[PDB]
Amino acid sequence: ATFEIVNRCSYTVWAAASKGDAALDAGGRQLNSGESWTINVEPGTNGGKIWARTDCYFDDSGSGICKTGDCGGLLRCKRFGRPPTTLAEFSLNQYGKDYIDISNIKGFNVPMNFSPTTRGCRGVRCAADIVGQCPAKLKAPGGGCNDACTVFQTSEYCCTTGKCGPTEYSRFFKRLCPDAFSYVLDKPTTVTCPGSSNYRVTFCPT
């Protein structure tokens, strides 16, 4: 499947694409304002994610650091990034269907739209000013709005026992972005698309 990744933000982001134990395509790239990056993702990929990183510095070997979404100090991510990270999540060609969603379970850094470019399903968006409105206890110094699990590390926020409810913190993310996951056992906002659909991820869509 093809994914087009577009940076419509007024600032540079460093896009990342990974399935946790390996890079998808090149795994990461700088995107100046307005730039588009097209990647190819193998059919059958389970548990892929795309995210943006902000305020990165890399050397000529591709080693460095970012203030949000850092993936072990590499430009080309093999592994998932450090919160806070707005997440585009996908599983492809699962018994004839693709499944897509946006998640705030690992916090929020950049607004995002995740839409199909082929027919047969709808897209999803989280484009509210979560960073601006972020509760004081969840604000990350480097930028962005952390999830409550990352900050407090409790069984209730992290849903460790498989039993957990919504919280004052999860309800904040849900209020601003109803179509994204706000906690692990949230009512699913997953969208079902035809198998082998193609997609576009836009940072700062509005």
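When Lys and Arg each count +1 and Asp and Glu each count -1, what net charge do the other residues less than 12 Å away from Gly120, Cβ to Cβ, add up to? Could the numbers behind the result be given before it?
Values: positive: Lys97, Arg119, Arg122; negative: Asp98.
In short, +2.
Close amide-amide hydrogen proximity is noted between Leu74 and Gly64, each under 5 Å apart and 5 or more residues distant or on a separate chain (H modeled in the peptide plane; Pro and chain starts excluded).
Evaluate the relative contact order of the stretch 4-50 (contact order divided by residue number), counting alpha-carbon pairs under 8 angstrom at least 6 apart; express in whole percent.
Values: 78 pairs, mean separation 21.9, N = 47.
It rounds to 47 percent for the stretch 4-50.
Using alpha-carbon pairs under 8 Å, 6+ residues apart, how would you state the relative contact order of the chain in percent? Write down the numbers at each step before the final one.
Numbers: 531 pairs, mean separation 48.0, N = 206.
It comes to 23 percent, rounded to a whole number.
Working note: 222 nm ellipticity from helices only, DSSP H runs with n ≥ 4, each -39,500 (n - 2.57), summed and divided by the residues of the chain, gives -2000 deg cm²/dmol to the nearest 500. Each of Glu42, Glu89 was scored by other Cβ atoms within 10 Å of its Cβ. Listed from fewest to most, they are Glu42, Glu89. Of all the options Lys19, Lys78, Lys187, the one that moves most in a Gaussian network model of the chain with Cα springs shorter than 10 angstrom is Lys187. The spread of Cα positions in the chain, taken along each principal axis and listed from longest to shortest, comes to 43, 39, 32 Å.
Close amide H contacts of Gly143 (hydrogens built in the peptide plane, cut-off under 5 Å, sequence separation of 5 or more or a different chain): none are found.
Please note: Cβ atoms are built from the backbone with ideal geometry, for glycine as well, and neighbour counts cover all protein chains shown. Read the figures in this text as sums done on the coordinates, not as results from a lab.
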